[PDB]
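Structure 1 and structure 2 below are two forms of the same protein chain, each written out on its own as structure tokens.
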Structure 1
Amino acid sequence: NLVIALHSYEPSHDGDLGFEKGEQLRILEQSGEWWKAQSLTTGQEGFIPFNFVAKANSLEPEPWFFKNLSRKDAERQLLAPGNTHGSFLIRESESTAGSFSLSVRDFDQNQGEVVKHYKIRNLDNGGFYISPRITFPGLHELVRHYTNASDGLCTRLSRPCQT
């Protein structure tokens, strides 16, 4: 039963478990507002405020995932300096239930900066795809695949868009 620390914590009361942002902890007891958690590193266990951790692999903490972004918003943000070719982000679709959209910094034929948009369609049960030939159990796996090979995308995904 595993979670990632959202911030660092230094024990205030006793019985408290200190931890650090990004640390992985297993949850031994889910009862109340203070959970009994286990450190995957040190094997250590104590009580933590529950709002300081999240399920691992959850979508929101991903540096490439952006909330409340329209197509034009994403395009704007990706064009802004600090982002270069290959920079990318994924946002939830505003017009279609269950689907997402990938935006990737690209170059036109004049070596000018442009942004390319790809619909990420959802598969009736588990997964996601851009091309129906290539499917993934989830968005993390999709991002990982196209980081490694562009496979029809304008370029391989590199740096998540700057916040």
Structure 2
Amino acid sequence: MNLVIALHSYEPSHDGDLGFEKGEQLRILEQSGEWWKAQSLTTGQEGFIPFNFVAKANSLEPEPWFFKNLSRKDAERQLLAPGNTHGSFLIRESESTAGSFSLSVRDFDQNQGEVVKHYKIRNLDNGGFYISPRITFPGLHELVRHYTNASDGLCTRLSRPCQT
């Protein structure tokens, strides 16, 4: 199931739209670019919702790129191990700070070969996240989505979750 949380309240603008309130949970039926087909878990009603009005509610543990109990050195150890290449990344709990997370990704370099950059995922008041103040995110899911299709700020794109 594709669960999402309403970040804001939405009043139906166009016919076929599904209205909802901030905090409300919904399930995603269809992904159509900016508009998504959703079903309210409250009333079972369906309709289209503006994709940027919600955030993935699914737990992070099941994510292919999340590794809760992983140390900074371990990340380097696995990221640099064979079976991975430039672009490989993972998200782990921050070591230097609690309640936070760190982004680890393998990159190349003309000087030294494959390397491992670590980016601190800073927390936000409303609970949000961000690596660079240029772009903020409601959740780690969204953050990963963004940098998997664009690297604005990073040496490389989050090409693929670390492999064992």
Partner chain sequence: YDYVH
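For the two forms, the rigid core is made up of the largest set of C-alpha atoms that agree within 1.5 Å on superposition. Every residue number counts along structure 1's sequence, beginning with 1.
The form solved in complex with its partner chain corresponds to structure 2; structure 1 is the other form. Residue 148 shows a C-alpha shift below 2 Å between structures 1 and 2 [criterion: core-superposed Cα displacement of 2 Å]. With the core superposed, residue 58 shows a C-alpha displacement below 2 Å between structures 1 and 2. As a two-part rigid-body motion between structures 1 and 2, the smaller part of the chain turns against the larger by 174°, taken from C-alpha fits. Relative to the superposed core, residue 87 moves its CA by 0.4 Å between structures 1 and 2.
With both forms fitted on their core, the C-alpha atom of residue 108 sits 2.0 Å from where it sits in the other form; this compares the forms between structures 1 and 2. Taking the core as the fixed frame between structures 1 and 2, we note the C-alpha of residue 19 moving 29.4 angstrom.
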